[PDB]
Asker: 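Below is a structure I'd like to ask you about.
Residue numbering restarts at 1 for every chain, and letters A, B, ... go by the order of the sequence lines.
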Amino acid sequence: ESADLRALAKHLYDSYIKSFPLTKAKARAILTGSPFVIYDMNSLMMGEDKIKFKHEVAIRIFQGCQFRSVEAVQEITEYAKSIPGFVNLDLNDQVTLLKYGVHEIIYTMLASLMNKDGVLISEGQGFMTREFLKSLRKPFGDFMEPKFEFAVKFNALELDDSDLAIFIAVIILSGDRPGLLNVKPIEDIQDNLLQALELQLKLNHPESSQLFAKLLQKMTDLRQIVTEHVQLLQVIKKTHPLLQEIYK
Amino acid sequence: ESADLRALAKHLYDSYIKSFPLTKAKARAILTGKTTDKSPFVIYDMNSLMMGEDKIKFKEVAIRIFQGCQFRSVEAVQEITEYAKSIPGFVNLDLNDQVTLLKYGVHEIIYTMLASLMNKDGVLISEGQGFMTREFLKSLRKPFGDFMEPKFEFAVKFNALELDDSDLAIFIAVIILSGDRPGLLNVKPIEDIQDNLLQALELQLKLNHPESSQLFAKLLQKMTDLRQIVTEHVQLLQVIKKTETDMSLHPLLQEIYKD
Ligand SMILES: COc1ccc(C(=O)n2c(C)c(Cc3cccc(O[C@@H](C)C(=O)O)c3)c3cc(OC(F)(F)F)ccc32)cc1
Ligand SMILES: COc1ccc(C(=O)n2c(C)c(Cc3cccc(O[C@@H](C)C(=O)O)c3)c3cc(OC(F)(F)F)ccc32)cc1
């Protein structure tokens, strides 16, 4: 019934607002008419004075990137549990859906903070030019570049938060994660989410044909770059004890 | 609102179940004979000890008891570290403090979780499939004949409170979020979180144990016992480092063992 799908869509959007402090609406405002910009080395070390952070440079930026991801994982976990029927699944399965899902969702939402020329950082207090990041030493200079390419493609679909809120729910409820014990309910929820997302895209983007389909195709792009992302970390194993424990 | 607190109690229980595979519930079942779980091999002498390698999954004996148990400590730290990240606000804190809160919280959380595996006669070992008796341990060599006994005495006193895993989960969190740790940069946001956790604990206790007069207060005092356990532990550890310089401490434990 289209009435309840519209309710599901509003429920998730409200939960997403609570779970994610820096919305896409907010990020896009900041990128388009003031956050300190980081375009080279001098601007960076200036930027710890302006925007306060935690305790060489290529590695320091990589690491602080992990910090944020751990922060992100908690936001996604908290959002995940507001998905109807999620907490009711077998606890191991919830843990399995998150394990394989948080990456795909992080890159999805990193797209909201990026454009052609760089990426907002630190709750949007900052902006890191895309040029400075590729200026970084091999292989560091090559880490965020593949994401920039995915983001600009992805942002071309002109999704808003209310779209993204359902979309990422769909990501979490993937019935093909290894090690799932009871896939019936997982796929039951996903189809519901898929319905809500199909209607949402229609009402919210009437003039955009088959956007639903085009969006589902991007989940190919996501899983590809997630694979390629883990293998890029697994050439930086070619490189505290509690810190490595907090970030494993 | 009470409703915000129950929600926090549930979230914490939920992560606790996800991060610690041997709950107190599983452990009380093994320790009584419940047919939800199968029965442990008991070790009480060197002979029983020695078929236990054939029986249950796993250099003289008292040393590699201490070594086996040592690597078990490491795994626990990882789980507590895993648990800590689920604590609303913990990973947003300053990174130097996160390390700080772990550095001091972790042993107070071990002996709390280790109590779950103990009775007045011994301790489950090897994920539950073993049971090493108190006496056997107390009878080990001159230095290694005093490791476990104080944790036994705490565990006996502590298990008196009759907490379950859903209580422990909040209380384990209150331990981590201790602003009074040495070297904390921003004590203040730490204490807004603990202030909240303690509110959650209070409610959870009053509801889960509606007859246990002052369980909350009584439970906060048990943090006193915990801190004394850690100090006797650490100093007795430096004996071993000097008795047996052939013996190595795992680095993650060695870093926690600072100050
Ligand atoms: C809910 O999902 C997200 C929440 C936060 C963020 C976020 O702020 N990030 C930003 C701005 C970034 C980009 C970035 C670049 C340089 C330093 C960064 O760390 C600090 C400055 C920070 O952003 O707080 C962050 C980011 C990277 C991340 O790891 C990666 F995706 F690469 F696997 C994860 C989250 C990241 C992204 C997704
Ligand atoms: C809350 O997290 C945990 C706390 C304790 C344990 C745990 O299993 N332990 C057990 C059963 C023990 C008890 C024990 C005694 C002898 C050998 C042991 O190790 C092997 C043989 C095993 O566990 O199978 C384990 C234990 C001891 C520890 O070191 C100490 F803190 F005491 F210095 C640490 C953890 C220990 C696991 C998780």
Asker: Within the side chain of B/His11, is there an N or O that forms a donor-acceptor pair under 3.5 Å with the backbone of B/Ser86?
Answerer: yes
Asker: Working note: B/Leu102 + B/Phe90, criterion side-chain contact (heavy atoms from CB on, under 4.5 Å); need CA distance, chi angles, decisive distance, verdict.
Answerer: CA-CA 10 Å; B/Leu102 285 171; B/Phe90 178 86; 4.3 Å; yes
Asker: Side chains of B/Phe144 and B/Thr243: does their closest heavy-atom pair fall under 4.5 Å?
Answerer: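 No, side chains not in contact.
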Asker: Distance check, rounded to the nearest 0.5 Å: B/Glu79 atom CD versus B/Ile110 atom CD1?
Answerer: 8.0 Å
Asker: Is it true that atom NZ of B/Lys34 has more than 12 heavy atoms of other residues, nucleotides or ligands lying nearer than 6.0 Å?
Answerer: no
Asker: Given side chains that start at C-beta, do those of B/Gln67 and B/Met247 come closer than 4.5 Å, heavy atoms only?
Answerer: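 A side-chain contact under 4.5 Å exists here.
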Asker: Answer whether the closest heavy-atom distance between the side chains of A/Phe20 and A/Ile76 falls below 4.5 Å.
Answerer: yes
Asker: Please report the interatomic distance NZ(B/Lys206) to CG(B/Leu201), rounded to the nearest 0.5 Å.
Answerer: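 B/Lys206 NZ to B/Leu201 CG: 10.0 Å, rounded to 0.5 Å.
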Asker: More than 12 heavy atoms of other residues, nucleotides or ligands under 6.0 Å from CE of B/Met223: is that the case?
Answerer: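 Yes.
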Asker: Using a strict threshold of under 4.0 Å (side-chain N to carboxylate O), is an ion pair present between B/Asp246 and B/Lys59?
Answerer: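 Between B/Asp246 and B/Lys59 there is a salt bridge, with a charged N closer than 4.0 Å to a carboxylate O.
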Asker: Is the CD atom of A/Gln244 crowded by more than 12 outside heavy atoms at less than 6.0 Å?
Answerer: no
Asker: Would B/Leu197 and B/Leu8 satisfy side-chain contact (heavy atoms from CB on, under 4.5 Å), going step by step from the backbone distance to the final call?
Answerer: CA-CA 8 Å; B/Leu197 293 169; B/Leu8 172 69; 4.2 Å; yes
Asker: Would you say CD of A/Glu48 has more than 12 non-hydrogen atoms from neighbouring residues, nucleotides or ligands within 6.0 angstrom?
Answerer: no
Asker: Can you spot which of B/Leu185, B/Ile190, B/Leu184 makes a side chain to side chain contact (heavy atoms under 4.5 Å, CB included) with B/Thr100?
Answerer: B/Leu184
Asker: Does B/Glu75 have more than 12 heavy atoms from other residues, nucleotides or ligands lying within 6.0 Å of its CD?
Answerer: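 For B/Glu75, atom CD is crowded (more than 12 foreign heavy atoms under 6.0 Å).
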Asker: For residues B/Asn196 and B/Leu177, determine if any side-chain heavy atom of one lies less than 4.5 Å from a side-chain heavy atom of the other.
Answerer: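 B/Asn196 vs B/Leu177: side chains apart.
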Asker: Classify the side-chain pair A/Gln94/B/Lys18 by whether it contains a donor and acceptor separated by less than 3.5 Å.
Answerer: yes
Asker: Answer yes or no: is there a side-chain heavy-atom contact under 4.5 Å between B/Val74 and B/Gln78?
Answerer: yes
Asker: Closer than 3.5 angstrom, by distance alone: can the side chain of B/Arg28 be matched with the main-chain N or O of B/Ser116 as a donor-acceptor pair?
Answerer: yes
Asker: I need the minimum non-hydrogen distance between B/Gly130 and B/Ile56, along with the two atoms involved.
Answerer: CA-CD1, 3.4 Å
Asker: Mind listing the closest non-hydrogen atom pair of B/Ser73 and B/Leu253 along with its distance?
Answerer: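 Minimum heavy-atom contact is CB-CD1, 3.9 Å.
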Asker: Students often mix this up, so state it plainly: with edges at 30° and 60°, are the rings of B/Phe147 and B/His233 parallel, tilted or perpendicular?
Answerer: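 Plane angle between 30° and 60°, so tilted.
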Asker: Quick check for you: to the nearest 0.5 Å, what is the distance between B/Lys10 atom NZ and B/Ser15 atom OG?
Answerer: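 If we round to the nearest 0.5 Å, B/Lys10:NZ and B/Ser15:OG are 12.0 Å apart.
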Asker: Is it the case that atom CZ in B/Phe71 sees more than 12 heavy atoms from other parts of the structure closer than 6.0 Å?
Answerer: no
Asker: Nearest heavy-atom pair of B/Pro40 and B/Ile30: which atoms, and what distance?
Answerer: CD-CG2, 4.0 Å
Asker: Rounded to the nearest 0.5 Å, what separates atom CG in A/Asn88 from atom CG in A/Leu91?
Answerer: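 Output value for this atom pair is 10.0 Å.
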Asker: Under the side-chain contact (heavy atoms from CB on, under 4.5 Å) rule, what do B/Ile240 and B/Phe66 come out as? Steps first, then yes or no, please.
Answerer: CA-CA 10 Å; B/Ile240 274 43; B/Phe66 171 87; 4.1 Å; yes
Asker: Could you tell me if B/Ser126 and B/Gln129 have a donor-acceptor pair between their side chains, going purely by distance under 3.5 Å?
Answerer: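 The criterion, which ignores hydrogens and geometry beyond distance, is satisfied for B/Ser126 and B/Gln129.
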Asker: Just how far is it from atom CD of B/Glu1 to atom CG of B/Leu203, taken to the nearest 0.5 Å?
Answerer: 9.5 Å
Asker: Would you say B/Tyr257 and B/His107 make side-chain contact, with heavy atoms under 4.5 Å?
Answerer: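 Result yes, sub-4.5 Å side-chain heavy-atom pair found.
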Asker: Calculate, to the nearest 0.5 Å, the distance between atoms CZ and OG1 belonging to B/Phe154 and B/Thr224 respectively.
Answerer: 10.5 Å
Asker: Side chain of B/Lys57, backbone of B/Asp54: donor and acceptor closer than 3.5 Å?
Answerer: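 The answer is no, because no donor-acceptor pair under 3.5 Å joins these two groups.
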Asker: Would you call B/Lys138 and B/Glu135 a salt bridge, using N to O less than 4.0 angstrom?
Answerer: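 Yes, B/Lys138 and B/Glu135 are salt-bridged.
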Asker: Return the orientation label for the B/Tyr13 and B/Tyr16 ring planes: parallel under 30°, perpendicular over 60°, tilted otherwise.
Answerer: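 B/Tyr13 vs B/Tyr16 ring planes: parallel.
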Asker: Do side-chain atoms of B/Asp167 reach the backbone of B/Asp164 as a donor and acceptor pair under 3.5 angstrom?
Answerer: yes
Asker: Testing the basics here: between B/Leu124 and B/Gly128, what is the closest heavy-atom pair and its distance to 0.1 Å?
Answerer: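 Looking at all heavy atoms of both residues, the shortest contact is CD2-O, 3.5 Å.
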Asker: Salt bridge or not for B/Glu108 and B/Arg181, using N-O below 4.0 Å?
Answerer: yes
Asker: Got A/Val73 and B/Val91 here, is their nearest side-chain heavy-atom distance under 4.5 Å?
Answerer: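 Sidechains of B/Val91 and A/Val73: no contact.
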Asker: Do B/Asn159 side-chain atoms and B/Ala155 backbone N/O form a donor-acceptor pair below 3.5 Å?
Answerer: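 Yes: the side chain of B/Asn159 pairs with the backbone of B/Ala155.
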Asker: Do the numbers put B/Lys222 on top of the ring of B/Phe158, so that NZ or CZ is under 6.0 Å from the six-membered ring centre and no more than 45° off the axis?
Answerer: no
Asker: Okay, side chain of B/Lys24, backbone of B/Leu163: is any donor-acceptor separation there less than 3.5 Å?
Answerer: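 Yes; at least one donor-acceptor contact below 3.5 Å.
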Asker: For a quick test of reading the model, state the closest non-hydrogen atom pair linking A/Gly85 to A/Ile189 and the distance between them.
Answerer: O-CD1, 3.6 Å
Asker: Counting only heavy atoms not in B/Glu60 (residues, nucleotides, ligands), do more than 12 fall under 6.0 Å from its CD?
Answerer: yes
Asker: Yes or no on side-chain contact (heavy atoms from CB on, under 4.5 Å) for B/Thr133 and B/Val42, after CA distance, side-chain angles and deciding distance?
Answerer: CA-CA 7 Å; B/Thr133 65; B/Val42 175; 3.7 Å; yes
Asker: Is a side-chain N or O of B/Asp165 found less than 3.5 angstrom from the main chain of B/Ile17, in a donor-acceptor match?
Answerer: no
Asker: Are the side chains of B/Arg134 and B/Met148 in contact, using a 4.5 Å heavy-atom criterion?
Answerer: no
Asker: So, for B/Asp14 and A/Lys81, which heavy atoms are closest and what is the spacing to 0.1 Å?
Answerer: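 So the two residues come closest at OD2-NZ, 2.8 Å.
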Asker: Out of B/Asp180, B/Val230, B/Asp259, which residue meets the side chain to side chain contact (heavy atoms under 4.5 Å, CB included) rule with B/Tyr104?
Answerer: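 Single side chain to side chain contact (heavy atoms under 4.5 Å, CB included) partner of B/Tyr104 among B/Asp180, B/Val230, B/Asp259: B/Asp259.
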